[PDB]
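Just so you know, the protein sequences line up as chains C and A, in that order.
Numbered per the entry's author numbering, the first sequence spans residues 1 to 413.
Numbered per the entry's author numbering, the second sequence spans residues 1 to 413.
All C-beta atoms, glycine included, are put in the ideal place defined by N, C-alpha and C.
There are 2 protein chains.
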Amino acid sequence: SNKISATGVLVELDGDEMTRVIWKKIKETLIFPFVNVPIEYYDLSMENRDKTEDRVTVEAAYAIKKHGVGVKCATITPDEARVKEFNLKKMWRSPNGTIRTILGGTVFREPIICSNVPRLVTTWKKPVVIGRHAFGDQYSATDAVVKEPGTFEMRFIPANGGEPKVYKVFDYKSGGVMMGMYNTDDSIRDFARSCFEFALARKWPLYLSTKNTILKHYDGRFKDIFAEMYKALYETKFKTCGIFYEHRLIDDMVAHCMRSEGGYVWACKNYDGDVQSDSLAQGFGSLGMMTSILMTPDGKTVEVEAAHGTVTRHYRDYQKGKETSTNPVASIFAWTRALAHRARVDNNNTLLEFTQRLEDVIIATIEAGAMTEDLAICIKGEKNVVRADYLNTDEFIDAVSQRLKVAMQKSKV
Amino acid sequence: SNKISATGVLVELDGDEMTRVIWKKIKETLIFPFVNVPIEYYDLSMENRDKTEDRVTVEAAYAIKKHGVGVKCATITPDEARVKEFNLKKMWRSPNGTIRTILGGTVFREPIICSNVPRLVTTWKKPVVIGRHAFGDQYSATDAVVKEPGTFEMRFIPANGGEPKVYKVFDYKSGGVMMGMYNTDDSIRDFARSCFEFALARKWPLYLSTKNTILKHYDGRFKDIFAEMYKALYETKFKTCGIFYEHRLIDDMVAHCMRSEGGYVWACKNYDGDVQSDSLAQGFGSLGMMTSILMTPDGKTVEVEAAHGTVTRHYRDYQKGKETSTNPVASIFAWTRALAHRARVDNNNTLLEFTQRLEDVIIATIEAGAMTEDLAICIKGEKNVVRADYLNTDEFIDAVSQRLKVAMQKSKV
Ligand SMILES: NC(=O)c1ccc[n+]([C@@H]2O[C@H](COP(=O)([O-])OP(=O)(O)OC[C@H]3O[C@@H](n4cnc5c(N)ncnc54)[C@H](OP(=O)(O)O)[C@@H]3O)[C@@H](O)[C@H]2O)c1
Ligand SMILES: NC(=O)c1ccc[n+]([C@@H]2O[C@H](COP(=O)([O-])OP(=O)(O)OC[C@H]3O[C@@H](n4cnc5c(N)ncnc54)[C@H](OP(=O)(O)O)[C@@H]3O)[C@@H](O)[C@H]2O)c1
Numbered sequence: 001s002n003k004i005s006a007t008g009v010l011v012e013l014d015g016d017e018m019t020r021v022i023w024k025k026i027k028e029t030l031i032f033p034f035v036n037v038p039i040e041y042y043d044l045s046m047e048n049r050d051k052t053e054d055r056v057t058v059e060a061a062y063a064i065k066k067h068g069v070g071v072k073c074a075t076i077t078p079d080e081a082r083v084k085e086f087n088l089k090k091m092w093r094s095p096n097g098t099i100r101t102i103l104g105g106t107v108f109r110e111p112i113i114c115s116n117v118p119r120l121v122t123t124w125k126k127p128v129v130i131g132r133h134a135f136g137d138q139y140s141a142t143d144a145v146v147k148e149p150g151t152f153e154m155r156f157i158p159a160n161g162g163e164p165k166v167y168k169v170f171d172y173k174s175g176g177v178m179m180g181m182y183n184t185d186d187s188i189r190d191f192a193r194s195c196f197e198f199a200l201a202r203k204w205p206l207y208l209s210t211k212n213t214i215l216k217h218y219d220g221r222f223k224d225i226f227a228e229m230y231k232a233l234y235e236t237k238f239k240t241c242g243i244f245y246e247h248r249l250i251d252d253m254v255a256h257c258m259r260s261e262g263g264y265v266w267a268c269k270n271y272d273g274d275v276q277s278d279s280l281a282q283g284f285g286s287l288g289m290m291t292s293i294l295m296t297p298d299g300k301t302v303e304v305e306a307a308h309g310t311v312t313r314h315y316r317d318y319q320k321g322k323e324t325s326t327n328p329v330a331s332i333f334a335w336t337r338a339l340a341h342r343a344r345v346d347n348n349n350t351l352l353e354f355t356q357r358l359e360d361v362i363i364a365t366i367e368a369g370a371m372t373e374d375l376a377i378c379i380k381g382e383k384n385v386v387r388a389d390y391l392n393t394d395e396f397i398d399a400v401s402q403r404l405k406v407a408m409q410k411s412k413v
Numbered sequence: 001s002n003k004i005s006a007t008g009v010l011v012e013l014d015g016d017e018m019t020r021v022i023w024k025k026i027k028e029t030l031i032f033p034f035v036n037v038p039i040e041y042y043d044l045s046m047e048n049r050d051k052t053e054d055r056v057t058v059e060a061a062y063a064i065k066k067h068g069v070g071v072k073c074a075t076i077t078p079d080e081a082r083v084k085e086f087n088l089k090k091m092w093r094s095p096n097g098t099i100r101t102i103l104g105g106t107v108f109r110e111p112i113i114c115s116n117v118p119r120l121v122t123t124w125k126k127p128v129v130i131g132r133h134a135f136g137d138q139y140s141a142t143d144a145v146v147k148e149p150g151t152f153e154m155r156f157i158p159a160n161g162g163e164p165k166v167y168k169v170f171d172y173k174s175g176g177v178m179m180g181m182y183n184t185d186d187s188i189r190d191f192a193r194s195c196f197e198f199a200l201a202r203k204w205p206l207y208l209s210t211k212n213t214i215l216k217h218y219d220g221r222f223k224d225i226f227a228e229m230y231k232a233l234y235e236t237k238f239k240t241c242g243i244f245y246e247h248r249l250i251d252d253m254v255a256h257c258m259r260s261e262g263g264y265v266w267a268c269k270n271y272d273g274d275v276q277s278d279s280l281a282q283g284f285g286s287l288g289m290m291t292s293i294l295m296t297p298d299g300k301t302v303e304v305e306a307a308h309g310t311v312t313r314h315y316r317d318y319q320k321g322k323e324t325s326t327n328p329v330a331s332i333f334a335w336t337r338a339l340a341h342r343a344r345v346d347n348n349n350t351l352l353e354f355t356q357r358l359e360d361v362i363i364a365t366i367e368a369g370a371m372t373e374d375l376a377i378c379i380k381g382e383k384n385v386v387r388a389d390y391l392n393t394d395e396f397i398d399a400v401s402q403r404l405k406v407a408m409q410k411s412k413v
């Protein structure tokens, strides 16, 4: 007679702009009509993080750290332009900058994938997640220009005070630039732990990639850490759930992304992941089809969200009058996924089977020919798509809504 | 009523193993039967590079210098387990090493591209090159592990005596790794010129790919140098030849690669192309299908060669009895496309008519049904393919040969 409970708690973390509007729909149309929902709500609207001098976000972030599952962060990283927008006040940072430094750990981008929609590499029969390492490599690494002849040396000084090993690297004829780059073991190691826990949780196998050939120490340290930790802390369980861990050269792995079937996690280093996640954002479909999943290296904590932004370009119209067909599917797949790690964790098999439901029904809806405007450009033509069988945001969410209400039905009696 | 002559001299680099076989019949069947030519023959055969303590290759390398065109270098970079092979003398190094070192400048890889054999991304209706950097980025840029808590500093020391500069980049709470990197303008200025000079002759546009946003001084430096240079030393001549130069973020430029049609040269910095070329080795067609033009920054000297190695695997047999289907199109393109620049240089518009012929004919050849086994796995099915539709190494070369003989004639009357 009732709905679907859960003993755990999902931290809701509200947004603003166009995402906020759609946030109430999927919330109201797809989630609460079927799910009982113990929620610790944190409003992150620009208005409201301002009121809270400094922030809600530190609260909300830690809230997530208590509960282990969080959902939304539709951001606003304000500008100087923005304060001018609605009388904001001094500074503010970026909400996610705070959360990702609080929770710590690593983000993983899962495409939404559907038979009818055109991948720019047709090969992909399943989605490929990518784990990118954000601690300083060349992201925290200085680099100075050189305007005269001279010598650039690296010097390692111990904190006891030994022979403070020196490095004659290069004496300049004339002109140029220089750089230094650093990455500690507990950084590399933490990043590994995450991958292992997230691949283990998504039931899929794991691939590393680097270029240790021409960086024998730096990138040798990655190969090492992962492979020992695999055979130390995961190996058997990874064996248990039928899922290897194999390292390949980046050379091999950008090709393997190209040529392989898909359905695995891929670990790339800090640089590589910026390069190749912006690659697969155009490739697998559109922004509005990926999510973003911050997992912790303990593997006990998740913040899921849509990969695409707090889409203002549409918010103009909203009810300034004109219709808009912003893609909710990444916003829904925010919740479905979140609910899943809530489900998985609480053992709870019932919500899980339901998140599985909604997801499959959103796939089935698009492949079934009713889709948003954004995908209607991909399926055929930029210059020749009219409002034939593609829907409004709302009409679209209804189309699944009704399609889920039959899936609810047909399964049980 | 005669063959076709060239004015200026071409320089042959005859190599060893399986390639040096095909090189005869390619060079017999297709080349001199229609083509007068000045060559200056280097046998770079182990046996005949062994004799010389201090190699033939330094004279060949210096040959090509003077002549501005050069053709073969199908290598053998000898071995520990190779000196054993055939009573060698000690070490030798690799030619491809030596030569690039003298000649200088920048190697460029262009896919051989035909309709029936598939690109592993269907977009590519044309061939795309790559210019890698290669030297002193991370290539000469050493690194060590940091094995205990302590500080890693950088120091530029001049070579006049002014105040030195100094950076406390990072201190290690414990453990890890460190790495610095250095890259002079003259290098960049060489990488740019080569590119610019090389697009210029191909009639193809240019895109760079860097990450200056996230490496301000280091990667700003290139975004810069090509800009000035274009408008300083190229642009209007590009404008003239309907070509151009734009820059895109590395992020955008692996993504553009995927979605762009093809027919433009692209430069990625030393890392960014050591990654992305193995990618396209599987990605566009096969090894056996790329070639490899070193062009000097002066834009005045060229060494072309096949991608793939001096394919020892297939040679074992040769007459050890059994047939073979090593794919010669690269080795051939390595004549045609050398015969191309030679022409450009002599402004011999007539010969150029010829190099065109044999590239177009090999296109015809394959599309029409004739292929070697390597493509007989690529069109379809390693798990079922037989000798019906795939020519031998040498029946294939005759397949072209007949067809060029129709072309040569069935055009000119
Ligand atoms: N940590 C961060 O910095 C972060 C992360 C996420 C968001 N944000 C915030 O989001 C705000 C706006 O971001 P932005 O406009 O720069 O990036 P964005 O929100 O992703 O929008 C850029 C373009 O993406 C398309 N798009 C976005 N969501 C879509 C959807 N659901 N369906 C279809 N198309 C969609 C829109 O295309 P068309 O309208 O052209 O169809 C839009 O023009 C910013 O104020 C930013 O601070 C910040
Ligand atoms: N600068 C350098 O150091 C350099 C560069 C190039 C080559 N080499 C030298 O070349 C020698 C052999 O190297 P390698 O055999 O590892 O590389 P390779 O000559 O490219 O052959 C390796 C594999 O590639 C495939 N292959 C190569 N050419 C082909 C063609 N024309 N058609 C179809 N498939 C082809 C073969 O595949 P299947 O047999 O599996 O079909 C072969 O097993 C070595 O002595 C190496 O040092 C050196």
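Can you tell me the Cα-Cα spacing of residue i and residue j, whole angstroms?
| i | j | result |
| --- | --- | --- |
| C241(A) | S209(A) | 22 Å |
| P38(C) | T122(C) | 41 Å |
| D143(A) | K168(C) | 11 Å |
| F222(C) | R55(C) | 36 Å |
| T365(C) | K300(A) | 60 Å |
| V69(A) | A338(A) | 7 Å |
| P33(C) | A407(C) | 14 Å |
| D389(A) | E359(A) | 21 Å |
For ligand 1, is there any heavy atom lying closer than 8 Å to the beta carbon of residue i?
| i | result |
| --- | --- |
| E17(C) | yes |
| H308(C) | yes |
| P95(C) | yes |
| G288(C) | yes |
| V117(C) | no |
| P111(C) | no |
At the 9 Å Cβ level, is residue i part of the contact set with chain A, yes or no?
| i | result |
| --- | --- |
| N96(C) | no |
| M178(C) | yes |
| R155(C) | yes |
| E148(C) | yes |
| residue 416(C) | Missing from the structure shown is residue 416(C); chain C here goes from 1 to 413 and no further. |
| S292(C) | no |
| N384(C) | no |
| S187(C) | yes |
| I379(C) | no |
| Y264(C) | no |
Establish whether the CB of residue i and some CB of chain C are separated by less than 9 Å.
| i | result |
| --- | --- |
| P158(A) | yes |
| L287(A) | no |
| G175(A) | yes |
| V275(A) | yes |
| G105(A) | no |
| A141(A) | yes |
Residues bridged to residue i by DSSP?
| i | result |
| --- | --- |
| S209(A) | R248(A) and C268(A) |
| residue 426(C) | The structure shown has nothing for residue 426(C), since chain C only spans 1 to 413. |
| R132(C) | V107(C) and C268(C) |
| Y172(C) | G150(C) |
When every heavy atom of ligand 2 is checked, does at least one fall within less than 8 Å of the C-beta of residue i?
| i | result |
| --- | --- |
| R82(A) | yes |
| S325(C) | no |
| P78(A) | yes |
| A334(A) | no |
| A74(A) | yes |
Practice prompt. Could you tell me whether the region 12-27 of chain A touches the region 60-76 of chain A, where touching means 3 or more Cβ pairs closer than 8 Å?
Written response: As far as the Cβ criterion goes, the region 12-27 of chain A touches the region 60-76 of chain A, which means the pair count is three or higher.
Worksheet item: Does the region 168-181 of chain C come close enough to the region 103-120 of chain A to have 3 or more Cβ pairs within less than 8 Å?
Response: No, because fewer than three Cβ pairs between the region 168-181 of chain C and the region 103-120 of chain A fall closer than 8 Å, the two stretches do not touch.
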